[PDB]
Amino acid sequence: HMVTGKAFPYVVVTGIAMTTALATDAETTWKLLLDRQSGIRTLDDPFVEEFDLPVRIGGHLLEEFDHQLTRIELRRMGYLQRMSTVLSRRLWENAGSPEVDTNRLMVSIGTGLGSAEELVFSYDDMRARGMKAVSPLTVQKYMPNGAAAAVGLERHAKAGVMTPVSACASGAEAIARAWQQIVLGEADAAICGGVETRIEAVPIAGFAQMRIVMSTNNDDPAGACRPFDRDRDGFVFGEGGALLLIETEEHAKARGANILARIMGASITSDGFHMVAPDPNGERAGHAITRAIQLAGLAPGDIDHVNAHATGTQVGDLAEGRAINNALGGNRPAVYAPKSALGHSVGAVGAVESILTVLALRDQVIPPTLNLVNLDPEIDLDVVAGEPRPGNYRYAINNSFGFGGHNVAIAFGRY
C-alpha cells in the first residue's frame, strides 16, 4: 500500500528560496506579508502609457539579474535561466551548501508560459545579424526547459531533470513530481519550484478582454485584488520565482539540515470541463485534496490551514470554496489566498504559495488576505482577513488550480 507512512519514506523541506513582488528574498517577503502590505503598484512599463489596455497594475520584481553574474553567463542564458540559476545558488546556501551525491540528486522546475519574448529577439535576429554570427547554444535559451536544464547542470544532478507545464499549476506540479520520484525510490533529494517570465503585453491583451483580469481597478493598486470578497472583479498579474530543496527525512538527518516542514502528499487531476473555466462545482478540484490527504495518511479533520489559490475572479473563487467543502465537509480550516498581496505569478505562483504553507507551519502564524470586508455569501470559508492568526497548526494544504482545469493539492505537515 501506497501511503506516506507505510510504503513511502517521509520527505522534508530543508531550504527555501524565492523572489517576489514584496521582497528580493523569502524571509523579508514573509515579514511584509504579515504587516498586511501589498506588492502591487501602478504598472509602469514601455507598452504602458503608450499602447493601450485597460489594466495598469501588477506586482513586479524588486531586482535585476544582470549585475549578479559574469559577462559570459549572461550571453549563455535567457531570462528564466538567469533567474533559476540565481535562486538555486541562494537555496543551496540556505540549506547550508551541502555536498550531496549527485547520482541521487534531481531537478524539477516548471513554467506556465515559457520563453516567449525571447523568440522575437532571436527570430528577427537571423533576418539581420547572421546565421553564422550568433551564439551556438542559443537554442537552449528559448526552450521551455531551459530554467530546469540550467540548474540541472550547475550541480551535477544526475537523477533526472524535468519540466512539467500547466499554466498556473506548473510550479506546484514541479514539486509534486519531486515528491513522487523521491517517494518512488527514484531519488533522495530534489530542487523544485517554479519560474515565470516578466509582464508582457500579449497575455494581458488576450486576458483583459475576457472577464478574468477584471481588476480594472488601476486607481487602487494595493486594494485592487480581493480574493473571496463579494465585490471581487478580477485578478492581478504578478512576477516571481520560487525553489525549494526537498529530501527524505533520513537523508536530511545524515547531514543535519534545518528542516522547516514536511511534504507528505500530492495529487494531479483535471476538469476536462472548459479550456478556460473551472467546473462551478469543483468536483475534480476537491478530489485532488482528498488524495493529497490520503497519500499523506491523514484525515479531513487534521487539516488546519489551506493556502488557497484564489485570484479574485468571480467564477474562480466560488468554485474553489465549493471544492474545499467537498473534501473537508464539516471541518473548517483557516484560509489564506496570498495572491491578493502579491499577484498571480502563474508559472511560479504555485511554488511561491508552497513556500508560504511552510512558513505558516514553521511559525504557526498566517498573514491576512489583504482586501476583505464582506465574504461572498455563496462562499463558506473561514478566511483570515483581520490580523495574522497564530495558533496550533498541525497540518496544511496548498491549492493550485490553473486555467484550463489543472488541479494540484500538496499536503504540508509540520515538523
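Numbering starts at 1 and follows the sequence shown.
Higher mean CA temperature factor between 164-172 and 222-230: 222-230, per the PDB entry. Comparing 126-134 with 70-78, the stretch with the higher mean C-alpha B-factor in the PDB entry is 126-134. Highest CA B-factor among the listed residues (270, 108, 217, 345): 217. Looking at the C-alpha B-factors along this chain, the one for residue 153 belongs to the middle third.
In the PDB entry, residue 265 places in the lowest third of its chain by CA B-factor. Sort the chain's modelled residues by C-alpha temperature factor and residue 121 lands in the highest third, per the entry. Ranked by Cα temperature factor within the chain, residue 54 sits in the lowest third according to the deposited record.
Split the chain's modelled residues into thirds by C-alpha temperature factor. Residue 320 is in the middle one.
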